[PDB]
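> This block holds the first chain(s) of the complex, placed as they are in the complex; more will follow:
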Amino acid sequence: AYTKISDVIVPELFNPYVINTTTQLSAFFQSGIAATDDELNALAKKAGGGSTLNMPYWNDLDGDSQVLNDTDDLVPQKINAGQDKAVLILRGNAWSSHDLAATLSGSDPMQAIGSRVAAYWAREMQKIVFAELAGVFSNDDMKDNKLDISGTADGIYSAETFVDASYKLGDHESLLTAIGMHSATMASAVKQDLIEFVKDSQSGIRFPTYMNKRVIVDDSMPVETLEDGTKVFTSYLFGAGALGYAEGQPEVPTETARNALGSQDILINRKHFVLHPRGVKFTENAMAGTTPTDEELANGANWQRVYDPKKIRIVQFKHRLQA
Amino acid sequence: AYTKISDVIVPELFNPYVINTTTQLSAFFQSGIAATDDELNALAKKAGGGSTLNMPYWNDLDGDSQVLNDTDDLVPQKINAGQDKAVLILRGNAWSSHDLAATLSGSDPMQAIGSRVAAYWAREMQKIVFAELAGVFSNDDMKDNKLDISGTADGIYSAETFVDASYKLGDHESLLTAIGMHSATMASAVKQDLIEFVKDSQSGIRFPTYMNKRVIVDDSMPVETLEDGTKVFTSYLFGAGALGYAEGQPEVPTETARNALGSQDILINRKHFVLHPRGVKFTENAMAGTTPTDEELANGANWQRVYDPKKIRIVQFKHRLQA
């Protein structure tokens, strides 16, 4: 062999580098949470098949608890609805190629292969969360207050419908940071509007900005087809600040093993993580398992929310493109 | 007043004794298991919500044998299906002594007061079990392979219909253990059948028996009324070996406070436990909470089950009383 801290397999000095590198290099961030508190590093420790965990709300909400005049004592006290049940998911894989890819990277990938896997799970988190929201939030009648459309024969997504969707939260504002986008939309935008290119975070270069919101480019968007040339796009608007996630940990993070009657070897990772909006609750119906559920089944139907209206915090609008 | 193992509360030496005697005394047992995997304790030890998960599977260690021919290998016995959820419940009540206090208030309660407790406690456990088990079949046909029927005025419950129900465990016979029954039925039995008192320990005493089994006399039963004053008795037959359960523990099982204005001292116990047939997985659907549920709602309706066909294992059969 070679140096190969994976093929000489020091599980120490490696795994923390892996996860940290994943956090830093990935984005999001932010947008959503980064390095969530103790609370979730605790409930992330000993657990099991859920449901999930709780996951409090935030505001203690009081301001009733009325005139203390003569005679009550006080009423100790009110709390509102509750739960917010969600999913704990499990993932992992080996590495596709042989030691071919592994040390084809080079000799001593103390930081190389780690960077590799890190970027990989970055993309993972991206896809899972994005498809998750898309699978749930839009389809029900319960969330309707957070969606706008117009989106028949007149509107371009510029400078105005962005205002409406932006203020569909009437109480809260300056809580918009990230913006989800479909490529064609930002094409229309960089045509008409002023979306400019700003090295903004320091250091590093760079990534686009509409207004001082950070924008996030993504490939996957639901795209319909109606008769008469029309195409309707989604492009969620949230940038809530934030969602949340906690790590947990499996056992045996990385295992170096080889084979015999062929020439190969295999690396593996298999990490667990817990991520979801809070936000709506995840019910248990129409799902096999477990755990986790799936990608698809983690989408297709059957979620239920309790707040309701505010402090969700996400919105969507289906807008006609630039015609 | 006394040693007050409750009232000045020595928490050692006690709660373990309460649990131990709690199992030892009341039965069931067996029938059902004792001390299955404590996985649901690693869940009971934090954390979990409703429902419980991950209680598979092992409904046998079978899979015959591995011919072992010449050069060849095996590792067969790879099988799966839907897994399970069930329930996790929490309960408790009080126990009250008085300030004027007709005394004693035991001197050596570490056997005594605990013993009374345990007696009460498991005596409630029976109520839960038989309730839920009576809750399965209520609204469903999916169990219908497991239920014989009669009521055309023929069949006595003895010596025949019991044998047919014996075959109703689909492939497997001679796995039976105990027989659940209503008192009037076994009255007809005693007037006819061979029911034979059987001493257990030598000499220690004793369980009634139908045939080489334990008989369980319980009171609350499904009881119908047709027209014509004639009646229908259900009387489950399982002797499966088994149901299942595991405990976990809260914080602070034992606590002591007294009342000022009133004249009392009060006690509480409150242990958590899991019980359910495996057997159907319990749905969280169209029902209250949360958590745990009820007696009633743990009975009324809306359950769903996955194995299926056999190795469940319970059957009910309905018949007229002797005539």
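Happy to help now that I have it. Numbers count the residues shown, from 1 in each chain, chains lettered A, B, ... in the order given.
> Can you tell me, leaving aside adjacent residues, what's nearest to the residue of the stretch 201-323 of chain A found nearest chain B?
At 5.0 Å from chain B, residue A:284 is the closest residue in the stretch 201-323 of chain A, using CB to the nearest CB. All C-beta spots, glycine's among them, are computed from the backbone N, C-alpha and C. Counting by CB to CB, 6 or more residues apart in numbering or on different chains, residue B:284 is the residue found nearest to residue A:284 once chain neighbours are left out, at 5.0 Å.
> which residues does that neighbour contact?
Counting by CB atoms under 8 Å, 6 or more residues apart in numbering or on different chains, residue B:284 makes contact with A:283, A:284, B:50, B:51, B:85.
> rewinding a little: where does the residue of the stretch 201-323 of chain A closest to chain B land in three-state SS?
coil (DSSP: H, G, I helix; E, B strand; the rest coil).
> and the nearest residue to residue A:171 once chain neighbours are set aside, backbone torsions?
Spatial nearest neighbour of residue A:171, excluding adjacent residues (CB to CB, 6+ apart): residue A:310 at 6.3 Å. Torsion angles at residue A:310 (phi, psi; degrees, to the nearest 10) stand at phi -100, psi -180.
> The stretch 1-150 of chain A against chain B: which residues are in contact?
Residues of the stretch 1-150 of chain A found near chain B (CB under 8 Å from any CB of the partner chain) are A:43, A:46, A:47, A:48, A:49, A:50, A:51, A:52, A:53, A:54, A:83, A:85.
> Check those residues for burial and list the buried ones.
For the residues of the stretch 1-150 of chain A next to chain B, a burial check counting by 16 or more other CB atoms under 10 Å in any protein chain shown picks out A:43, A:47, A:48, A:49, A:50, A:51, A:52, A:53, A:54, A:83, A:85.
> put chain C on too:
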Amino acid sequence: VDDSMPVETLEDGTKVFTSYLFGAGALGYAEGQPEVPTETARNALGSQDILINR
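To build on what is shown above, here is chain C added in:
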């Protein structure tokens, strides 16, 4: 910015809003003080404890 404003409805389409203009500089307030600002107490017959301010 504030959430609560009186909002009327005149039939039709009109909506009339309030949105006070003051910024006087100022109003005024003084605290005073009660007795027992914060009291830590618990319960028995259940698992809780309670904090209070008043």
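> The nearest residue to residue A:171 with chain C there, same question as before?
Residue nearest to residue A:171 in three dimensions, not counting chain neighbours: residue C:3, with 5.0 Å by CB to CB, 6+ apart.
> number of nearby residues for that neighbour?
Residue C:3 has 8 neighbours, counted by other CB atoms under 10 Å in any protein chain shown.
> Relative to chain B, how far out is the residue lying farthest from the centre of chain A?
In terms of distance from the mean C-alpha position of chain A, residue A:70 ranks first, at 51.5 Å (CA atoms, centre = their mean). Taking CB to the nearest CB, to the nearest Å as the measure, residue A:70 falls 20 Å from chain B.
> State the three-state secondary structure for that residue.
Strictly by three-state DSSP, residue A:70 counts as coil.
> Now do the contacts for residue A:222.
Residues in contact with residue A:222, defined by CB under 8 Å, 6+ apart, are A:134, A:138, A:234.
> The closest residue to chain B within chain A is in what secondary structure piece?
Closest approach between chain A and chain B, counting by CB to the nearest CB: residue A:49, at 2.7 Å. Under the criterion DSSP states H and E, no helix or strand holds residue A:49.
> That one reaches residue B:55, doesn't it?
No - the criterion here is CB atoms under 8 Å, and residue A:49 misses it with residue B:55 at 9.2 Å.
> coming back round to it: which residues touch the residue of chain A closest to chain B?
Per CB under 8 Å, 6+ apart, neighbours of residue A:49: A:88, A:290, A:291, B:43, B:52, B:53, B:54.
> ok, 10 Å please
Residues in contact with residue A:49 (CB atoms under 10 Å, 6 or more residues apart in numbering or on different chains) are A:88, A:90, A:289-292, B:39-40, B:43, B:48, B:51-55, B:83-85.
> Next, work out how far apart it and chain C are.
25 Å.
> show me what contacts the residue in the stretch 151-300 of chain A that chain C sits nearest to?
The stretch 151-300 of chain A approaches chain C most closely through residue A:171 (5.0 Å), counting by CB to the nearest CB. If a contact means CB under 10 Å, 6+ apart, then residue A:171 has A:309, A:310, A:311, C:1, C:2, C:3 as its contacts.
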